[PDB]
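Chains B and A, in that order, give the protein sequences. Residues -2 to 37, 44 to 213 (the entry's author numbering) make up the first sequence, in order. Residues 1 to 38, 41 to 212 (the entry's author numbering) make up the second sequence, in order. For every residue, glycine included, the Cβ atom is placed at its ideal position computed from N, Cα and C. What follows is a set of notes on a single structure, which appears directly below.
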Amino acid sequence: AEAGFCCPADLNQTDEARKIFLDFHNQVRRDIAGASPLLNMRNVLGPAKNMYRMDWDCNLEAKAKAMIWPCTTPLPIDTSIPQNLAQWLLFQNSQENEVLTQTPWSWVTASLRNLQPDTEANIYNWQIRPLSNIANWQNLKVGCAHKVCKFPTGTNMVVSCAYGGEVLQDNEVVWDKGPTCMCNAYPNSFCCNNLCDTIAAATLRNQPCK
Amino acid sequence: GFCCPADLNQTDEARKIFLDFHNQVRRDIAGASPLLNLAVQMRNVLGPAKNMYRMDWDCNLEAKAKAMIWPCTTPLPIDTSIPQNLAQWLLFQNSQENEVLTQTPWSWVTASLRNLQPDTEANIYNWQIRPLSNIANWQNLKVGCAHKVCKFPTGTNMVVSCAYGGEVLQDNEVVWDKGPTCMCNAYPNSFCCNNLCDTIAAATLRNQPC
Ligand SMILES: *[C@@H]1O[C@H](CO)[C@@H](O)[C@H](O)[C@H]1NC(C)=O
């Protein structure tokens, strides 16, 4: 049923928030795999083969929390790992989960904006780094944190996501062009809602918290 | 595609309507979601069920279904020696074919639910809930359906027949197993998608070319 994140209490974030961030990632990955519209400029990418479902990593979440928690200008961002950072203006009437739902899409918007009609979106360049982190077919783990920071420049919502694996470099293949639901990179693969997955990953994510 | 013989004289579009219907009912039961778009009434919400697996088409059952309805006689040559469902709908002058085909199988659900008492165990067979029981039978995964407009002297009807694999259900037989949605362990290499169990073998098989 509901997702087992099983993260330590001291991370001080709700599973509902974790779910928003993780569902966001898989939604982007699924849109690319199925060549479906991303935002409600170029807005359709893919299709892609071997685009697999991401799972949470509580250690990556802790890294993300550490990068934003001091609320300093600038933040102690760890550029030695793949990560995305976003900041969102808060208004009097701002509702937290709406903010958390909307904020990450800014990474998709920023990246798409830099796509020219001729740009190979599946190939990395610095102008599309945030989307590339999200759609990296080689990375299956993510952890994100959020915080209302009172910076000297004013109060904002800050979101950081840290990713498994390596920082992408120039001209790396971010994802592989191919048919939706072609899933053969891993043993015992299946496809659900246009996103590849494996029995091993499903079995692991459904283990009870301990 | 469904790869069924040309002489069955039915489109894959109709086959998908019938197949999707069956798996919609099964997924509602598996996931304890409302069956009819009607969600105050608890007799409209059955389940959850464990080991409810996705159904697949069978061209030979379709042939048996077609044979039961094609002559348009009164009575029809229904073969009660196998599990089957029959639906007849008196057409109106502006009825559209595929719209009726999408609607009429639901009468099997509505008719069975109509016979549930508040304390009735809906996973336990009795003839009053036979049509729903055929659809939701966990021990059968094959279905084949046909449709035809018959000019009976008593009026022109859309007629739909679905034939099912396996045995005719008997009084007090367990139709499906009460248990957690997405617990799928009746077969090796199982997975769950949209609240419905499936296997890698069954996915591979249905995705083969004719
Ligand atoms: C956890 O987060 C809330 C803000 O959402 C904060 O007010 C609270 O003090 C935090 N708890 C700790 C121990 O940091």
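- Here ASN174/A is exposed. Its C-beta has fewer than 16 other C-beta atoms within 10 Å.
- Among the residues of chain B, those whose CB is under 9 Å from the CB of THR183/A are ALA(-2), following chain order.
- By alpha-carbon distance to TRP108/A, the top candidate from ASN197/A, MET185/A, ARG26/A and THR122/A is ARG26/A.
- Taken through DSSP and simplified to helix, strand or coil, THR112/B comes out as helix.
- Assignment of alpha helix (DSSP H) within the stretch 54 to 137 of chain A, counting only whole runs of 4 or more residues, yields 61 to 71, 99 to 105 and 108 to 115 in chain order.
- For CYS195/B, at least one C-beta of chain A is nearer than 8 Å to its own C-beta.
- Taking 8 Å as the threshold, the shortest C-beta distance from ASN53/B to chain A does not fall below it.
- With a threshold of 8 Å between beta carbons, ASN23/A makes no contact with chain B.
- Within chain B, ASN191, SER192, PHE193 and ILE202 have C-beta atoms less than 8 Å from the C-beta of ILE202/A, given in sequence order.
- For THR183/B, no pairing in a beta bridge is given by DSSP.
- With respect to chain A, the C-beta atom of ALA188/B has no partner C-beta closer than 8 Å.
- Setting aside the 5 residues that flank it on each side, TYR166/A is surrounded in the same chain by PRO85, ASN136, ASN142 and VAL145, each with a C-beta closer than 6 Å to its C-beta; the list follows chain order.
- If you look at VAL151/A, you'll find it isn't in any alpha helix (DSSP H); it sits in the beta strand (DSSP E) that goes 144 to 154.
- Proximity of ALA205/B to chain A, defined by a Cβ-Cβ separation below 8 Å, is satisfied.
- If you compare the alpha carbons of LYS150/B, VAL177/B and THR76/B with that of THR156/B, the shortest gap goes to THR76/B.
- Apart from the 5 residues on each side of it in sequence, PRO79/B sits with its Cβ closer than 8 Å to the Cβ of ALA69, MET70 and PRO73 in its chain, given in chain order.
- DSSP links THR158/A through a beta bridge to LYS153/A.
- Between the beta-carbon of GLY1/B and that of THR183/B there is about 28 Å, and that puts the pair past the 8 Å contact cut.
- In the structure shown, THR11/A adopts coil according to DSSP, grouped into three states.
- By a beta-carbon distance limit of 8 Å, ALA14/A contacts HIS149/A. Their separation comes to about 6 Å.
- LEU48/A: not part of any beta strand (DSSP E); DSSP gives it neither H nor E.
- The Cβ atoms of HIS22/B and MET54/B lie no closer than 8 Å to each other.
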